[PDB]
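Participant: Got an experimental structure here, sequence first:
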Amino acid sequence: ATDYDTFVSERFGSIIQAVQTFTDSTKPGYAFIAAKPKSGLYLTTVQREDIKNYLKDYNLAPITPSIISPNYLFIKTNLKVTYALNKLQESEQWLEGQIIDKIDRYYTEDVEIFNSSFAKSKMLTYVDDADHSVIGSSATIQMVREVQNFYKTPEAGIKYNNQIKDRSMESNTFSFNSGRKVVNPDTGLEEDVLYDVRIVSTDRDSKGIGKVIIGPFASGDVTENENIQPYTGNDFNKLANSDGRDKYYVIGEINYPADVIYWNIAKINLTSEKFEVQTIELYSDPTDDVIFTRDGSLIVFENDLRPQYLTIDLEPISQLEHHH
Amino acid sequence: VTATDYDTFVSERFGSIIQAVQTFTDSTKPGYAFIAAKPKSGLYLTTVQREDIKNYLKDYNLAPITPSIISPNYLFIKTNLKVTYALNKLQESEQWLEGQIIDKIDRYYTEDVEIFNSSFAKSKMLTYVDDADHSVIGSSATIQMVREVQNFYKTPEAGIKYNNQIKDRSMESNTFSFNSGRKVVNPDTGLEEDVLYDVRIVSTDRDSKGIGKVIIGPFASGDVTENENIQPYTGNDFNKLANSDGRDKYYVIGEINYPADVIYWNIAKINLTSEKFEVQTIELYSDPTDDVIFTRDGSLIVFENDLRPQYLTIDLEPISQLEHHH
């Protein structure tokens, strides 16, 4: 870690706020350094080529350390703060600002650091701490791993470094392109029907394993031969429809206890071409309210840039027959 | 007159073995001036029944209204704490550690919460819990409000309230034994008196006006006599308990007004005599919608772990160290 990270952390301390090295058991030979810009999220490919070009500075001929951006774990927070009407001078809009700062001040200080961790109980005491009028808060978290490629998990897998619950793992939705014509003079003569779809996990087996299955289809546009046939279990979360779509299929699988997640859309004869996205986001409920980082993973609150991962509900109180 | 004037009156003539006073008057009970009194040490003033609450009676000035020196209507917090710490950061035992967090959970209560018209917040106390070591990483909790009920048979004339809002089905008591008149045998033993099963009081989802039933069960088909009035509660709509004895027929005996925050029941509404029940006092648990629990009139949120240990479970969890290498 610090053996080489620190140096770098000297010649570049004006940008990078977090640097640590690690190996991949598997990508033998390769040493990577994750670095987080103090100034946001991803170092720029120019900022990256400069930093790599101090590798020559310190003479090493062997292929030498790949710099790269950190594997972020995000907390989708659903915050609720109840406050006293009397004791609150400015706008609700102000108050939010006042606390959404506190959250960040906790993250920067105690969390946004390698192998340091997020404790929901701590940041709530930060929230409480934001005004002299913030009587008490509560909070509900999710974990977000932002997936680089939707089509197949890495060679190795995707892991949260944390225990999730059953059926918990679920990506967002991405358009699948069937291939049929719609024949609609509204928008010409042909739209190419494309219905949303997601990738969810099902319940632990006898032995700790689930199945990573993929959202609703219309019989025809997925070819089934004995082997590859519709999944049947109802041990997962189906999604809102308006269409006659209820045929989910099975790729990869979740090892709940070892938290590893592998899937590969290929397991059903569907080329990347068929989906109009390239990136997705995987969510899942933690088991605990204390969540952890490990090799090159970093937990981070970047809220003016990932605002989708915080929501604040306030509850103004006076006196009082009622706060819900 | 004036409750405030009275509160003082006692924060003087007794201001010795008394910590706090709430002089409130109940709108259901005219001409009666009620005086809540915290013992400053324990829970009940003359649990010996007056020894004390009679001495204060013996203080008279003016008015046609009469004092009724009572002990405070206590709100309890059944906390299921789940603190987690770092194996290495810890030098003394889990045993010494518990005795360290509850030292804080107490510090919070007795400074901010254990007061009249004062309140409790889970988030705020879990800050105090977290603040007991160099680690101690974080903490979880799962709380319920508890109201201790003397005479399980029936609530007061005017119902019992929490001074807080609870959730649908949230309200449920601990279990108690109901002596069915009947008799059975096993294991070579004999009649074994009268068959007993564990029975209890639960609330149902609120109807379209904010109002569910307060029901009691299960039973046998059974040990309760059904009338035009007395009939098994009609439908699923709440929390049933383990029929390790197979039973299930519950009966309506009151209702919760969720908005008004009032709960009334009377076991006499079916026809069971208190004789058919082992108990006298029971516990009434509900879980709030409140991220803040409010005390109020004669109500008081207190934390007495020593004398009320049952209302706190701490499950610790040790954690492996991270990087020790550099």
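Facilitator: All right, it came through fine. Numbering: from 1, shown residues only, chains lettered A, B, ... in the order given.
Participant: okay but residue A:261 is in contact with residue A:161, surely?
Facilitator: No: in this structure, residue A:261 is not within contact of residue A:161 by C-beta atoms under 8 Å, at 11.9 Å. No exception for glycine: its C-beta is placed from N, CA and C like everyone else's.
Participant: These two: which is more packed in?
Facilitator: Shown here are residue A:261 and residue A:161; by other C-beta atoms under 10 Å in any protein chain shown, residue A:261 has more neighbours (26 against 18).
Participant: quick check: longest strand of chain A.
Facilitator: When chain A is parsed with DSSP state E, its longest strand is strand A:71-84.
Participant: how far off helix B:122-130 does that one point, in degrees?
Facilitator: On the basis of axes from the mean of the first three to the mean of the last three C-alpha atoms, to 10 degrees, strand A:71-84 is oriented at 120 degrees to helix B:122-130.
Participant: Got the domain ranges for chain A?
Facilitator: Split into domains by CATH domains of a matching chain, chain A comes to A:1-69, A:70-324.
Participant: right, is the longest helix anywhere in chain A up against chain B?
Facilitator: Longest helix of chain A, by residue count under DSSP state H: helix A:92-106. No: using C-beta under 8 Å from any C-beta of the partner chain, helix A:92-106 never reaches chain B; the gap is at least 11.9 Å.
Participant: just checking, what packs against that helix?
Facilitator: Under the contact definition 3 or more C-beta pairs under 8 Å, 6 or more residues apart in numbering or on different chains; DSSP states H and E, helix A:92-106 sits against strand A:71-84, helix A:120-128, strand A:310-317.
Participant: Select, out of those, the one closest to residue A:197.
Facilitator: Taking C-beta to C-beta as the criterion, residue A:197 comes closest to strand A:71-84 out of those, the separation being 20.8 Å.
Participant: List the strands paired with the closest one, with their directions.
Facilitator: According to DSSP bridges, strand A:71-84 has the following sheet partners: strand A:136-147 (antiparallel), strand A:297-299 (parallel), strand A:310-317 (parallel).
Participant: deepest of those strands, which one?
Facilitator: strand A:297-299 (a mean of 22; mean count of other C-beta atoms under 10 Å in any protein chain shown).
Participant: Do you have the helices of chain A handy? List them.
Facilitator: Secondary structure of chain A (DSSP H): helices located at A:2-11, A:45-52, A:92-106, A:120-128.
Participant: hey, which of those helices is tucked in deepest?
Facilitator: Most buried of the helices of chain A by mean neighbour count (mean count of other C-beta under 10 Å) is helix A:120-128; its value is a mean of 24.
Participant: chain center to that helix: distance?
Facilitator: Its chain's C-alpha centre lies 21 Å from the corresponding centre of helix A:120-128 when counted by C-alpha atoms, centre = their mean, to the nearest Å.
Participant: just stretch A:81-98 next, same as before
Facilitator: Its chain's C-alpha centre and that of stretch A:81-98 lie 30 Å apart, by C-alpha atoms, centre = their mean.
Participant: mind listing what the nearest residue to residue A:216 once chain neighbours are set aside touches?
Facilitator: If you skip the residues right next to it in sequence, residue A:216 has residue A:245 as its closest partner in space, 3.8 Å away by C-beta to C-beta, 6 or more residues apart in numbering or on different chains. Contacts of residue A:245 were listed using C-beta atoms under 8 Å, 6 or more residues apart in numbering or on different chains, and they are A:195, A:216-218.
Participant: The longest strand of chain A: which residues count as buried?
Facilitator: Within strand A:71-84, the residues scored as buried using 16 or more other C-beta atoms under 10 Å in any protein chain shown are A:71-77, A:79-84.
Participant: same deal with stretch A:183-196?
Facilitator: Neighbour-count burial for stretch A:183-196 [16+ other C-beta under 10 Å]: A:193-196.
Participant: can you check stretch A:228-240 too?
Facilitator: Neighbour counts over stretch A:228-240 (16+ other C-beta under 10 Å) mark A:231, A:235-236 as buried.
Participant: so who does the residue of the stretch 151-300 of chain A found nearest chain B touch?
Facilitator: With C-beta to the nearest C-beta, the shortest gap between the stretch 151-300 of chain A and chain B falls at residue A:290, namely 3.9 Å. For residue A:290, the residues meeting the contact criterion (C-beta under 8 Å, 6+ apart) are A:117-121, B:84, B:137-138.
Participant: Now with 10 Å, please.
Facilitator: A:117-122, A:162, B:82-85, B:137-140, B:317, B:319 (C-beta atoms under 10 Å, 6 or more residues apart in numbering or on different chains).
Participant: ditto for residue A:92
Facilitator: Taking C-beta under 10 Å, 6+ apart as the test, what residue A:92 contacts is A:83, A:312, A:314, A:316.
Participant: What residues does the stretch 101-250 of chain A have near chain B?
Facilitator: Taking C-beta under 10 Å from any C-beta of the partner chain as the contact definition, the stretch 101-250 of chain A meets chain B at A:114-129, A:134-139.
Participant: same thing but at 7 Å, please
Facilitator: Selection of the stretch 101-250 of chain A residues close to chain B by C-beta under 7 Å from any C-beta of the partner chain yields A:115, A:117, A:119-122, A:124-125, A:128, A:135-138.
Participant: biggest separation within these, which pair?
Facilitator: Of all pairs drawn from these, the widest gap by C-beta to C-beta lies between A:115 and A:135 and measures 34.2 Å.
Participant: Which one's more surrounded, those two?
Facilitator: In this comparison of residue A:115 against residue A:135, neighbours counted by other C-beta under 10 Å, the higher total goes to residue A:135 at 20 against 17.
Participant: Touching the longest strand of chain A from outside, list them.
Facilitator: By C-beta atoms under 7 Å, 6 or more residues apart in numbering or on different chains, the list of residues contacting strand A:71-84 from outside reads A:34, A:95, A:99, A:118, A:127, A:133-146, A:160, A:283, A:293, A:296-300, A:306, A:309-317, A:323, B:291-292.
Participant: next one: stretch A:264-273
Facilitator: Counting contacts by C-beta under 7 Å, 6+ apart, the residues touching stretch A:264-273 from outside are A:151-153, A:222-223, A:228, A:249, A:251-252.
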